[PDB]
Each structure stands twice: as C-alpha cells, then as structure tokens.
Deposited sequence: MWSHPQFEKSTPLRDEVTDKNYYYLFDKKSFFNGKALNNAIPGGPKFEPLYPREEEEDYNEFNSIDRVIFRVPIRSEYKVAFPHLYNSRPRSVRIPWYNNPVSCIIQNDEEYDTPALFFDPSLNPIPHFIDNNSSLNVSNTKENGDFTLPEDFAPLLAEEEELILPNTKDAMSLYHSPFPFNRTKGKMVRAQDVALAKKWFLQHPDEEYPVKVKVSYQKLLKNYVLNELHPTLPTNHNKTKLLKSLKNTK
C-alpha cells in the first residue's frame, strides 16, 4: 500500500470537494451523481428608484456632410417614442423570477402581480432571489469571519 512515507500532505480535502469532484477526491461509491460544474457569475441589477440608468455599483466605461439620405428616413422604431413603458421594470423583475412567477399565458404583467411575488420570496429567505444583491454581501461578508 502507498504508505505515509509516500504521500505528500499539503491541504485537507474538505467534504465539499467530494460532492464537487466525486471520482477524483476518493468518493469511492459508484452511485454518486456528477454535478453541474457551475454557472457564469450572474450580475442581475434590480435597481430600485423612468428610463434605464447606469447603476453606481458598476465600474465606469473608459471613453465618454458629403453623403446624404432622404429627409424622412428614420430608424426602425422611431415612431414609438418611449423605450420604456410604465410596466417594463416589473416585467423585467418578473423575467428573472423562478418557475411559478415568471410565466404568464400571454397576459400583461401588472404591478400587483409582482407585488405578491416580491412579498412571497421575501417571506421565505431560503431560495429564489432575496439573498441576491446587498443581502448576499451582508450574509457572506459576516459568515466568513464567523466560520474562521
């Protein structure tokens, strides 16, 4: 057997490393599920103050007639003036919601529909989206100091 005289010990293999890399980290049992590796770091801004706006949380972006066309030429949707309808913010928040609340059989989103949804996952802080944004920072910044 590979004795203690052969093995190089440098870091302890935490229990979470076995649910992440089963076959590599000596999980052994054949009947262990190989899991979803990860998902791209999501940055969904539900800025909460009306048009779209640059959120102050975001880093800045570095920077900032010889030929003519008909005078009536216009972009594709210049006829419609407003980029943002009154219920766009709610529809976008509803778009990022989970399986139950994100679906409508084609009907228009209403400010009441998101209000009940927002109250719902606020009352269940175990899943969904209440941990996201500032809540996660408060939880994660403290929970690391408490563990170590």
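Parts of the chain sequence, as deposited, that carry no C-alpha coordinates in this structure
No C-alpha coordinates exist for 1 to 61, 111 to 114, 130 to 144, 229 to 250.
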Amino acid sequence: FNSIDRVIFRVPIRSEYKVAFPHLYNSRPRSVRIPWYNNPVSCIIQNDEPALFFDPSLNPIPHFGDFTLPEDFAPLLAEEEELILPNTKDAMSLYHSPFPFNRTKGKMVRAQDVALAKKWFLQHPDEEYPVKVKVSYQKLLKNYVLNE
From here on, numbers count along this sequence of modelled residues.
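Of the two stretches 125 to 133 and 18 to 26, which shows the higher Cα B-factor on average in the entry?
Between 18 to 26 and 125 to 133, it is 125 to 133 that shows the higher mean C-alpha B-factor.
Comparing 28 to 36 with 55 to 63, the one whose average Cα B-factor in the PDB entry is higher:
For C-alpha atoms only, the mean B-factor is higher in 28 to 36.
What third of its chain's C-alpha B-factors does residue 50 belong to: lowest, middle or highest?
Highest third - that is where residue 50 ends up once the chain's C-alpha B-factors are sorted.
Looking at the entry's B-factor column for C-alpha atoms only, identify whether residue 118 ranks in the lowest, middle or highest third of its chain.
Residue 118: CA B-factor falls in the highest third of its chain.
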